[PDB]
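Next up, structure tokens for two forms of one chain, structure 1 and then structure 2.
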Structure 1
């Protein structure tokens, strides 16, 4: 039974399901990646980081790691006792197969599935999870492993040899498509540019914290601010004498109240296309 083979694999922050067959645990190779790495990952170098002790299997100690295309094959010290007789096969779209959805290493349910012509599975059950496997039962013919979640409940996966179905890669951005989140540090840089240009009407008497600001930012679909963003704006804060957190408080008021008919640098909208590099270089000559 696939339920007994399902295990939880953790590497650093990332955690997903794995398939435990004999002393090998199969899982998506992107478990070694964080959100920053998933952008466009150097899997060879990121795997050079990871050693056998970095991977954690919960059903266990890994005695070896071998990457085959997009699947990571982890040799473990304890062989799996209830391993079914299995084979690895590759299906085509429109052929039915059963997928056992697991979240945090514990199974949820068994769903009948069929890949669409674009090689994706449309289904909400796989969302929030990663690593669930598909199979046909007669021998257990494993045919599928869930790798990627796409915005509208659309899921991409590989076979058990690690080859993706369709033209998909295990790469993704931190922000989903259609989010359209405003780039906070760019808005702040543009506000500093407005002050250096003489626009002061929006500066208020208040300061704020990262936590308080980020509550507002999430409410209005702005990128939450980090200390790294704060440091980036360092030159502009020093030029104007206005602390970043003070400017954040001005922006918070602008988000909650709007511009109330006024403009900033000639615009009735808060602008986020100017990067701090653009602004710092242009403000330096002033």
Structure 2
């Protein structure tokens, strides 16, 4: 009924996207104040990442080995340092388009917009969720290494994600902006298959609340008894903090969260019944409770 996924307006991030080249490797960087952030494997050929000692590899690089292009302007690199798996290139020019920003680390199930870029050039914006197995699926990040994910709240940009690599299955892995990987992945040429992906329970309940707000109303009182049922259909556990988050939606629809959980209980058992929920026949799990109140 017109309930749509929203991407954040990407202009504040577009103004920060640059191209970083080191040898034969070119990828996207993020220019904030006088620092450019990018994956540390920018210093590596693919053969370098067979058995990389990144501290030793970085010792062999100088500032002049880093070529930073911001549109038509080359930015001179005047310092470099590793923070976890992110490289920080100090440049001689502070970005005059730097927005208010902060670096945050998010949790599976939380959503964010990704600005896919090709070699510093913005291509498209996608609203994504952090899957429980910490991967992002889709071809839009192919050839978009170093693109970032973000939320915007009152024109403050919370950067939460930087893309590092596509796995042989086609799913993607990355870090936060402090350079710590989401999930058990490594910037090394080695097998590292993603774990089993599960369904984000708290988001499905938010979507059911969105389904009640737009008039779809055909629908385990205790939290613990519901979790006993949810853990059997490959759904994530519902914490007491989750029920707190669903409070706002619960007050608006007047529907108790545990009552909504009771409704989710039997949807997983019976089936589709050939009917639709918000123009969908499957349960949707990529809208957070915040995303729903944001729209409704």
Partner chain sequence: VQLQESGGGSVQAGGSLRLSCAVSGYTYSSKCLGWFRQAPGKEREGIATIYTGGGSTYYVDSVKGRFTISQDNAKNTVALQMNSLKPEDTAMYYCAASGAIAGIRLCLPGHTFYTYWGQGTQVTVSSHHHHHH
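Residue numbers count along the first chain shown, from 1. Under this definition, the rigid core comprises the largest set of C-alpha atoms superposing within 1.5 Å between the forms.
J.: So which is the form solved in complex with the partner chain here, 1 or 2?
T.: Answer 1, the form solved in complex with the partner chain.
J.: Considering only 264, 16, 11, 21, which residue exhibits a C-alpha shift of no less than 2 Å between the two structures, with the rigid core used for superposition?
T.: Residue with a C-alpha shift of 2 Å or more: 264.
J.: Rounded to the nearest whole degree, what rotation separates the positions of the smaller rigid part between the two structures?
T.: Rotation between the two rigid parts between the two structures amounts to 164 degrees.
J.: May I ask for the C-alpha shift of residue 173 between the two structures, in Å, based on superposition of the rigid core?
T.: For residue 173, the C-alpha ends up 5.7 Å from its position in the other form.
J.: Can you give the C-alpha shift of residue 129 between the two structures in Å, rounded to one decimal, after superposing the rigid core?
T.: For residue 129, the C-alpha ends up 2.0 Å from its position in the other form.
J.: Core-aligned, what does the C-alpha of residue 224 shift between the two structures, expressed in angstrom?
T.: With the cores aligned, its C-alpha sits 49.2 Å away.
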